[PDB]
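Asker: Encoded as structure tokens, here's the structure I'll be asking about.
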Amino acid sequence: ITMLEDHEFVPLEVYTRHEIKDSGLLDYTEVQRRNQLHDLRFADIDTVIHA
Amino acid sequence: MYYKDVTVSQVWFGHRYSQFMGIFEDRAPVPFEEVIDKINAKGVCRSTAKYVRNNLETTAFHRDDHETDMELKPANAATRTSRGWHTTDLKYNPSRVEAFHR
Amino acid sequence: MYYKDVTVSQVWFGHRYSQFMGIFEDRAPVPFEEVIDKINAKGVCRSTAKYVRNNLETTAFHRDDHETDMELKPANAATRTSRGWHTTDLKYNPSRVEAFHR
Amino acid sequence: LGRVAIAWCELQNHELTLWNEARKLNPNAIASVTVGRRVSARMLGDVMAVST
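Chains as they are written, first to last, in the working numbering: chain A, 1 to 51; chain B, 1001 to 1102; chain C, 2001 to 2102; chain D, 3001 to 3052.
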């Protein structure tokens, strides 16, 4: 009679939540972030021209 | 992505102070020849955008002046922003003249 | 969120019947002083919107009239709707006059 | 299963006395079974003397 050896069950998952989220083509959060930062990045939202 | 944010705004200049009446924001493509010659090689871009909206061919001149080639420059860095580029930082608006829809 | 839905519309008034030619919907911020004084304390809001859009300072007067302090009132309750507020329920449109772009 | 193994070792060590008595009784059969082949045993004294 031989004792059953100790076993360690490492965490395992084919699809983590990060890659499950990245599976979708477009993410609304990222798309909206880029589209709303577009104005700030490619234009001046503070300079005021009066003439 | 090589596009020109063609935007046009109609502004009421009132008896005392200004007011908007519409901003037609649009994204316009650029010719293959423009990308090959001016964008990639010389690092510049034209002040005009020849493109087909609404089954019609249109061009818009930056600041409504004659054709010129602005020097393409990097965009100001914001939080979590990759490398972008834009020729103009401000946006042209009509000069104030009384009681005219400019 | 304290914003003013500045919407301006150009309407054709034909000899027989009317027709739209554009509705510039826009959301405009309000001054800190306006929020502190008129919104929180008196519970009212101005009929104008001092805000800078498209690198220009623009104001819109509600119903295109002189400035007044409209009384803020709760929005009509719809399904699964939280507590909102708005000064005006209708939206002003130009009076019909023949063969004019108003 | 460790309890089973301990009890089995105790069972062998505890039946060793029965096995000594059985060797004293029927040496031929006891020696044959212990060895694994049918053999004939004689007066052990203190250790079994066998012969194929």
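C-beta atoms are modelled at their ideal positions from N, C-alpha and C, and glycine is treated no differently.
Can you tell me which of the three DSSP states residue 2943 of chain D falls into?
Answerer: In the structure as shown, chain D begins at 3001 and stops at 3052. Residue 2943 of chain D is therefore absent and cannot be evaluated.
Asker: Could you have a look at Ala2028 of chain C and say whether DSSP puts it in helix, strand or coil?
Answerer: Three-state DSSP puts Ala2028 of chain C in a strand.
Asker: Tell me, please, which residues DSSP counts as bridged to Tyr1017 of chain B.
Answerer: None, per the DSSP bridge assignment.
Asker: Going by Cα to Cα distance, which pick from B:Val1097, B:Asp1065, B:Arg1080, B:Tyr1051 is closest to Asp1026 of chain B?
Answerer: Nearest C-alpha to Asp1026 of chain B: B:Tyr1051.
Asker: Work out the CA separation of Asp22 of chain A and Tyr28 of chain A for me, nearest whole Å.
Answerer: Whole-angstrom Cα-Cα distance: 11 Å.
Asker: Give me whichever residues DSSP pairs with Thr2007 of chain C in a beta bridge.
Answerer: Answer is C:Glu2025.
Asker: Quick check on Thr29 of chain A - is its C-beta less than 8 Å from some C-beta in chain B?
Answerer: It does not; no Cβ of chain B falls within 8 Å.
Asker: With DSSP run on the structure shown, which of helix, strand or coil describes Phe1061 of chain B?
Answerer: Note: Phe1061 of chain B maps to strand in three-state DSSP.
Asker: Going by Cα to Cα distance, which pick from A:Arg17, A:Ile20, A:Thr2 is closest to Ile3006 of chain D?
Answerer: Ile3006 of chain D has its Cα closest to that of A:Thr2, out of A:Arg17, A:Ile20, A:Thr2.
Asker: Out of C:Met2001, C:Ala2028, C:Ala2099, point me to the one whose CA is closest to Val2008 of chain C's CA.
Answerer: Measuring from the Cα of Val2008 of chain C, the nearest candidate turns out to be C:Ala2028.
Asker: What residue does the alpha helix (DSSP H) around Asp22 of chain A start on, and which one ends it?
Answerer: Residues 17-23.
Asker: Find out if the Cβ-Cβ distance for the pair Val2044 of chain C, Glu2071 of chain C is shorter than 8 Å.
Answerer: Cβ atoms of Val2044 of chain C and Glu2071 of chain C: closer than 8 Å.
Asker: For the candidate residues B:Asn1093, B:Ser1095, B:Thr1088, B:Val1097, whose alpha-carbon lies nearest to that of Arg41 of chain A?
Answerer: Minimum Cα distance to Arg41 of chain A is reached at B:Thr1088.
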